[PDB]
């Protein structure tokens, strides 16, 4: 019907009512109002379909993202000016200019906070002050340690009955004293600064822009300083060097599914146009009457920026801030163990099982996280819930475009083998050959007429399976409709209702068809080749070593036993066909090796664990096959390609552009101009 906005306070209902009338006056998108008592009540109301949207601080975006609520940000507040907009702000500590203490030597002082569990108010300052709190750890609430650290403080929303020290510095004129509302004069960014301006406390944990919006001109702002994490005091203007954290802007959150995302953005877009900054005389959408702080939106905000649908609470907050909130309810011992361990990300249940075997033998250095698809696993390491994974070159482009870096490369046989290699770790990589495989009986099959046939692919967006073949066909047609290059295909990761999935066969029960992991029997290098071997498709796009390892009894599976290498040929870029052995002269393109990717803050530790684990469980390891093997073992093509000899160093090619190569990266982004890639659109928003 309309967009139901949720108001967490009695005055926020009044402004929202003012909002409803003005939209009807200009005949704009309608907006109704629902009244609740707290942001968490608004989050619960949205999950019940009794409301649709609410503006939320980053500390409550995290709460909205937890089960069973799972609300996602859809529009981020924009601060600054139209010509210099910003979707992030800085958590700062503001103090009087009289020196005498720094960010560490503030025990026994008086603090002003915007509110419990708020980003600059609570989460950032308490997180950085934790080593000085002498906190016993969870489940005992950290408020007790804080209430014992400072002499007294004003923390709006804190439990007044259990931690009265956290409320003694507020002035609510009655039972509105420690209120999470504008009825407390020391409440918001602006409110907590008043607690410092009045002299109630000696430190205010607020925004970097409160002083500029609350102090008239550059005469009283010189009375206040900033506390930098390096324990130095710097002027207010240098908040970019003297901030406690850089955090994302407050955002509008809604339901993940059936959340009225289109209507919410349409409403906010037109309200910004009509009642934004320096606009229609009455009813500015930002800022509102006497003694009121940030009614439904941040005061002196200029507009909104739309958030791509893929972004959840974890991705929106960023790994640094997301784990900081999580660490506030993990024990100090738990925090250290997480930082010292490598959390591998598995794709599918089968890869999860293999990781669980590995974790018990890693001596506490490897644990496991699981995601349904590779892009999901990339999001997990992006959020910090995961650390590393081995990616095909095409996925390395995605992870690199999202900020992840390659760490080690899957080394294959060299261009001069001569032995099982002892210095494999230092042997430079040489790539692998992507080929088009056809049954030798079909002699009319040439590369000049490959289109319109039935194709088998490893998975969408992969190098040998998708990027190299489709890029060659796209370079000669200009057609973005890849579902029409072939009549039918099995391209795992596509639309299951599309004909790009019409050839996939799913698991042994026939379900989970076209899913891009090991559950789909036509997934990957060997699955695509099997799709050709069972006459499902006419041409398979795999690497050349796959055909060699799955023919002539090299694979004892029923679908691969009795398969002869002589029954297969390769489509060269001539129209001529050649045997699989001559792939060095009948390949499509060189493909960069699969590589392990991670965040920059984990590269050194990841190198330590992997270089030690593959010494124990790698090929020709001490405990392989007696205990466990990372590479080809009782498990095939899980977490690592079976043709991997070792994880080798990158020789300086530590970025996705340097590693993948200039020409291969240029080719991928050319194809990506046709597609949407919700993960890429999410990272484009984030890296901005």
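Positions refer to the first chain, counted from 1.
411 to 419 and 613 to 621 differ in mean CA B-factor, and the higher of the two is recorded for 411 to 419.
In this crystal structure, the stretch out of 137 to 145 and 69 to 77 whose C-alpha atoms carry the higher mean B factor is 137 to 145. In this structure the maximum Cα B-factor among 97, 453, 354, 602 is found at 97. Taking only the listed residues 349, 538, 261, 392, the entry reports the highest CA temperature factor at 261.
Sort the modelled residues of the chain by CA B factor and residue 443 lands in the highest third. The deposited CA B-factor of residue 376 belongs to the lowest third of values across its chain. Among the modelled residues of the chain, residue 646 sits in the middle third by CA temperature factor in this PDB entry. Residue 30: CA B factor lies in the middle third for its chain, per the PDB record. Residue 281 sits in the highest third of its chain by CA B factor, as recorded in the PDB entry.
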